[PDB]
Every structure is written in C-alpha cells, then in structure tokens.
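*Asks:* Please find the sequence and an experimentally derived structure below.
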Amino acid sequence: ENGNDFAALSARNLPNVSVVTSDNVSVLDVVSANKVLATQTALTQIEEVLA
Amino acid sequence: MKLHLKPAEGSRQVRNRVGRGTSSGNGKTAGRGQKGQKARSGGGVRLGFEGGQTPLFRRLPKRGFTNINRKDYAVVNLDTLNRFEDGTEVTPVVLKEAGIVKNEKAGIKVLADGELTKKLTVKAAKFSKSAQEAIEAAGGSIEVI
Amino acid sequence: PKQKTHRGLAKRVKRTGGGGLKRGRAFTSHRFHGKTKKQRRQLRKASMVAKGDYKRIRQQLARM
RNA sequence: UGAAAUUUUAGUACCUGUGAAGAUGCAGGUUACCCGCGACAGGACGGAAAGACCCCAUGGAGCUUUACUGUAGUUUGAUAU
RNA sequence: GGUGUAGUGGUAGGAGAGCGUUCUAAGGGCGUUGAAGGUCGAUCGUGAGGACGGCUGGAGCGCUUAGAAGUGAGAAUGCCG
RNA sequence: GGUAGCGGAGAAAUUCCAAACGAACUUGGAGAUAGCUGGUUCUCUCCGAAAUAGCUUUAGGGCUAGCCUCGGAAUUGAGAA
RNA sequence: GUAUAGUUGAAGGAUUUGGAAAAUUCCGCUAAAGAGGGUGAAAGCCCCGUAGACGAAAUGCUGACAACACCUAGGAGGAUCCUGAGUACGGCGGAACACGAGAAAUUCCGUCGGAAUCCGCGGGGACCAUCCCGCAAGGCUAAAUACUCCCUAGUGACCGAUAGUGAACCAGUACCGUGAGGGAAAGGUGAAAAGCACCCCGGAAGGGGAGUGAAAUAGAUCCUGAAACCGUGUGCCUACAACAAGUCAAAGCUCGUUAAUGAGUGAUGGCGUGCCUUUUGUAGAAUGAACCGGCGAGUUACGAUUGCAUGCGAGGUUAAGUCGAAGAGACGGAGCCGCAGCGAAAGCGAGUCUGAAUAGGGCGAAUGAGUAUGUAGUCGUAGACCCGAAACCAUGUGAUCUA
C-alpha cells in the first residue's frame, strides 16, 4: 500500500515472492508470476491511477 | 500468455544477409553484377544527374515570387458546425475545445459545404458570399468580429 | 541529419493537389522572330508531369 | 656440417591432325621391362622483375611561351607626417 | 484428406521457406556411476545437417518458446605461425 | 667549424645533400582520391533476361525508354495464331 | 553533518558413491541476512561477507547562526548647470553578420575627412516624412552549460590470449636508424611440491626399475592435444606398361558391422582434357594458389519513401523537462500531419486561373481516411562492402656519407 515497513521488511524470502508497492506495478512484474496477493487498499489505489 | 511467447502473424520479418555463398542468391558481387561505378564502393552519381545532358531543372525557367504578408485562414466548411444544436456563439474558443480547430492560422474563415439545419450563431473573421445566405436561410445570426 | 531539398526545383515547380506537379514551358525568353504565332501562343500554358522524370526527382522534392 | 629461388594434384613417350587458330594430358596410329649415376641444354609459351614500346585515365609531376587568371619585386601620381 | 490433368535445364537478377554458431530471458533437465573437446564406426533425413555406441578426456552443458548479433571461408602476386 | 628542402652546394652531368633526388627523411590532414584491377563465406524451391534507340568534353561511365521479376485494380474479351 | 583506520553481526547432522563432498538419501534450523567470493567437485546453516546496529584522537570539507564588516531614505519646484570626443558619422580598401557589392541596413579593422548637447541623439534591412521603442562612445557579476590525467564505490543480451590496451609475463622493454621516429613474440603441472630417496647403463645428456600420487601416456617445453610433415609393423595388389588418376562393370584373396540388397583390396574391360576469376570464346600456352591451421568484407546513427502488422479513426500524436532502480510510468498540448483548392500575387472558395465573354480550355471537387510505433526492401548525408597508388599541403630531423 504505502510504508508498511513491518510488512515489506519480510520479503527477502525464497523466490516465490517478489514485492512491488502500489505505484511501481509494471508489466513484467505481473506476467512472470502465477498468483498475486494484494490488500484491499492497494486495489483502490490501483483503481485510482488505472481509473 | 506467459514468458515461455508468440508474435502476430506476418508481424516480423527475418532479414536478408548479402555476400554469404552462391546458393542463397546473393554471393559473389552481392546483387550488383559486373563492373561499373554502380558496383564500386560508395559509387553511384548524385540525385537528378543525367550525364552531361542538361537536366530538367536547368531546362525550364524560373517563375514567380512569394508575398511577405500572405495571410491565409483556417477553413471550416459548414457540416462541422452541424452538431452544436441551438445557440452557442461559435467562436475561436469553445468551437475548438473538442478537437475541431487546433492551430487557427490567421483567424477562421467559413465556407459553404454543404447542408446546415440549425439556428446557430457564428463569430469568425471572414465569410464566403454563400455561407451567410446558408446560415440566414436557417435563421441564425452572423457577425464579422 | 535531415535531407536538404533542391533549391533549383523549388523556384521552378509547384505541387498540385492531385499528386502531380505543374511545370512552366521553355523556349519563352529569347528570340521570337524565328518562331511562328501558333508556337508562341501554345507556349504560354503550363504542362504536367511525364512519369519518366517523376521517378528520379521524387526524393529531392521530398516536402516542397 | 648443410641452404636457396620455384612449386594446382601428377604413374609425365613420338608423329599427323583437332582446338582462342604451333599440345606430355584431346582423336587415330606407331614405339616402349622396373630403379638409378655422370654429362648437354631442344621443350615445359622455363625462373626472377603486376612491360623498358603503344593507347586510355576527362591520371600526376618537371620545363617553355606573344595560352588564361593572378602575384613578389621595380616604377609613377594624389594625400598624411 | 484417396483420385485426375499439367508442370519441374539455366548466368546477371527478383521472390519464398528452412539448417547451423555465440549470447539474453522464462520453463523443464543432464553431469565424478563422467560435461565440453578429440578419434573411430558398416546409422537417419530431400538439403544445409542430426542422433546412438566403443576409446580418450577431467569440470561444466544441452532441450522448448521468443529475442539480439563481431552469425558460416577455398582463392585478394591476402597477414601470422 | 659554416651553408637546409619554395632550400643548399656544383671547373655544369639533372651532379650531390646518410646505399634512393623531373626535388631528402619522419610525423600529422588521412580510412586522401581512383568512371580502374582483384576478392565477398550455408542450403533448397519458383520465375528468369540483355549486349538495342536517343542524348552525353560522351565512346570500357551515366540517364530515361525497351526485355525480367513481385503485389494489387478493372471491365473483360482488349493477347496470340 | 561528512571524508580519510574499524567493531559486532542468525542458523546442520548422519548415510551412499568417492582420493577428497557443497553431490545423493533421511530428519532439522534460520532469515531486517537466499547479493557475491573461497574451501580436496555444485554450500542459506564451514570461512570471508551481506541486512541491521555502533564508532573517531588528528587533519580537511560543507551546512547553520552569532559577532564584525559593508550597502540602502521621502515630497515639491525647474532660472542656471551636468550626463563618457578626434568619439558618433562620411569617402576609400578589406573582413564579420546564413547575406559572395548586391537595392545593402546593423558590427569591426587601416587611412583621410569629421558633428550635436534634452527644442538633443540612435534604431525599426537603401532613402525621406509621420508614429513607436530606446540613451552608445566607463567597469564588475553566482546558477542552469562542456571535459576527465587521477581517487572511491559500482554495472554490462562487452573480450577471453592472432581476441581485449601496442603492452595479462620486469613493454615503450628487446631490436632497427646518426637523428626525428618505428616496435614485437611470450598465460595454464597437482588439491598439496608430496618436483622421483635408493639401484643399474652412460663422460654427461638421456633412460629402465623402485617409490609420491586417484592418475606420471600430469616429470617441469609439464591440463586437453587436431591438421600438414616424418617413421614402424602388417591383410590385398604391382616388373610388356601411356594413367586430370576417377567412376561403371568385375575374377580371386582376406575380414566380420549401428544387421544389411555387408567391409577391405583389385587382375581386367567401357567412358572420360582439374578449381577459380575475366571473356563473343578456356583444358589453355590469358590470370591466382607450395601445404595445413587461425584471423579476414553491405554495418550503425539521423532523415525520406513503400509493403506487412498493431491501437485509435474525422481525427492522431507527443517533444525538451520534473518525480522514479542508468528501469514502465504517470504528468507535460509549445509543436507536427490529414480534414479544400486555384492563382506569380492582390484575392476568391467546391470552386478558381487566363480571358471582352454566362464561350472553350488547365487544374480541382461528385462515398473517395489518415495517424503513431514496430519490422523488412531501397535511397540520401556521414570513410559507408573492404583492400591498392603516382602525387598535394603544414610542423619537425639531418653536411660523421658527399659538394
């Protein structure tokens, strides 16, 4: 979402996980993956930029 | 569709590499044939050269001049007005403002092609001697301001 | 860099709207007592493009 | 003890022809066991040097002149000191 | 997609489809019970070419889809050994 | 010890200026320029010519026109024998 | 606050193949650290590290805010005074402005003439008048801009020893020329030197045992070890034969494969003048190659045009620039292309030009679709497919040879 500094500092995991904020969502970050976890508010801030 | 990809059909050609053996079709002089200055390196004459025959531009005469004060307009004919239904003050603003006249050139002139059935009103900088009759036939109002 | 268009053809040829070019005739600025009177009437008026010379010239007059 | 120039691969005969028009190699006939050693220099259009002659390059360079355009220098006039 | 009729010499050149090398990405794999490279084989495809096995060898390399090129050698009186 | 390349020196020959002088050597513009030579690397399929006219300070070069190839459009019946 | 030394920093054992495991098979643990390097082969948990956290005696640098230096006043009047001189400007001769004397404004230079003072002076592309905008002939001035000899920390669909710097190695060295100058070749044992004690031949070099080692056919010219070239042994053939050296047919002799209409050799018979380049024509006695191996030629940037594909479509589309990981990723509508043409032009407009013409004719319109990016064919500017001259211009080096 934003500075979830206690939820973003826990993703230096296995390569199952890569982490992008709500602003830097590109195409190659999405098409390469198989599933996406996302919060409720990240969906809203996506629907502001992507109208 | 994922990383492990298809182009569209006919979307991307390959190349043609030249000078690689006598069965591709372009080995030994590369589609250039035998000798002559179309077949050297960097040869070929400049454009429009025809031997020493006097070419076409030195054969027919120079003509004309250019006005320094040519003032030409940014024509809209008449059907373009026919979607502003009734009462707008067509103008060098709000008329444009939807993608109609970007870059007016010296003020807007109006022409007479070909059918207007509204009751508009126009503010331009010039008019033809039939657009006024076409507008006032439909009952509008015009002013050259 | 950009191409440079020819400044001998810009002073002699103007482009129409159908695609061709207008051309001003020759033998008009010299002696006339040799020529007849049909000739000097019929050499006032402009002619069009011959499609031989439209090939080699096309790229020079790329925008004007 | 120990090189060099040359060198498409070669088991490399003669005659009369044929052939971009004088062939060891093509055609038709004659002659001819296999391998060397010393001598001669007819041929292999033999080897060395991308003609020392000629023509062309819309090639260069050096020289001459009443060929063209200039110029160092020499001279003459106005003006300044 | 059985089956008819027709066609398939070729230089300069135009057109179309494929073989192979090195690197990048994603997926799936092999390898001290022997990878790359070298040698031999009587094998497969219409072509460039691809497998499998025997010996040598001692640390990396294939396969599929797309991409980018310092992407292929027999000749220069080529350059180096 | 002196004389230097637009120059020097010459009892005169285009003679000498570090084995080379119709103008020394070295570096730089410089990957100078060449209508002229020689070369240019994997494969298959389909079609496949020209050596002519005109003009050219042009004649072994170029330009358009003719002959080849690829993609469209239009009635057709315009092509042929 | 920062630069130049640093401190600390989580978590694994056994089995199988091994010379040696990080490899394999079971069961665990860690992560604000799964970026990288090293260890007897390929490691999150062995080592050096990384994330985090902490730290400066000495010298330098940058902010800050104190002090001290500086600098800076209003309104009205308009008699008189001041406001940059051999300057402005002109003739002549040259240069600089995209502008080559051209109808030639504006800026300098050489020479010779040479003004005015606010009722003034300059400029608005010869020149004049009117209007408008400006005060030369005195100085100073940060940032946005271009470059990298060197330092620190990084990255690459960059090279892997003929490549990459000329130079991975004691390279501007050896060597060449009086001099200015020119200028190379040459990387790799194994993990650990454990680099072969001792015996025998031989003057020694060199070798054969015996050992080290997983391996010595890894023994120092030391990983792998192709080709030309030089040797040894052998299955088949060859001493009456004219041979571009092959292929087609084929008796005998030997051999046994990726198993199949097998392999080697070849007495004898038919047919048959190599490979390139250049040419009307080649076997040519036109022109090139001694052999093997390596290197060794149509590319990229900026534009133009056409075919194909994609998104919008009477519309399409951003640029420089700001924030962002040298990134996708949004703002940014100045601008450019199409939607209307004709005329040299004033202008007119689905119409216009010439013309006396409402005539005729040229060029237009009557459904008539462009634009942005990718990719490919061709062309232009750049050395533009590479190799090759005789010569030209500008700095330097030479009279130890010879005149």
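*Replies:* Here it is on my side, so go on. Residues are numbered from 1 along each chain as shown, chains lettered A, B, ... in the order given.
*Asks:* And stretch B:45-62, what's buried?
*Replies:* Residues of stretch B:45-62 classed as buried by neighbour count (16 or more other Cβ atoms under 10 Å in any protein chain shown): B:48, B:56, B:57, B:60. Where you see a C-beta, it was placed from the backbone N, CA and C, and this is true even at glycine.
*Asks:* So is that stretch next to RNA strand G?
*Replies:* Yes: Stretch B:45-62 lies within reach of RNA strand G by Cβ under 7 Å from any atom of the strand, at B:46, B:47.
*Asks:* Name the nearest of the buried residues of stretch B:45-62 relative to residue C:3.
*Replies:* residue B:48 (13.2 Å; Cβ to Cβ).
*Asks:* isn't the closest one right next to residue C:55, touching?
*Replies:* No: in this structure, residue B:48 is not within contact of residue C:55 by Cβ atoms under 8 Å, at 10.7 Å.
*Asks:* nearest residue to the residue of chain B found nearest chain C other than its sequence neighbours?
*Replies:* Per Cβ to the nearest Cβ, residue B:57 is where chain B lies closest to chain C, at 4.3 Å. Spatial nearest neighbour of residue B:57, excluding adjacent residues (Cβ to Cβ, 6 or more residues apart in numbering or on different chains): residue C:8 at 4.3 Å.
*Asks:* what does chain C put close to RNA strand E?
*Replies:* Counting by Cβ under 7 Å from any atom of the strand, no residue of chain C sits close to RNA strand E.
*Asks:* Please enumerate the helices of chain C.
*Replies:* Using DSSP state H, the helices of chain C run over C:37-42, C:53-57.
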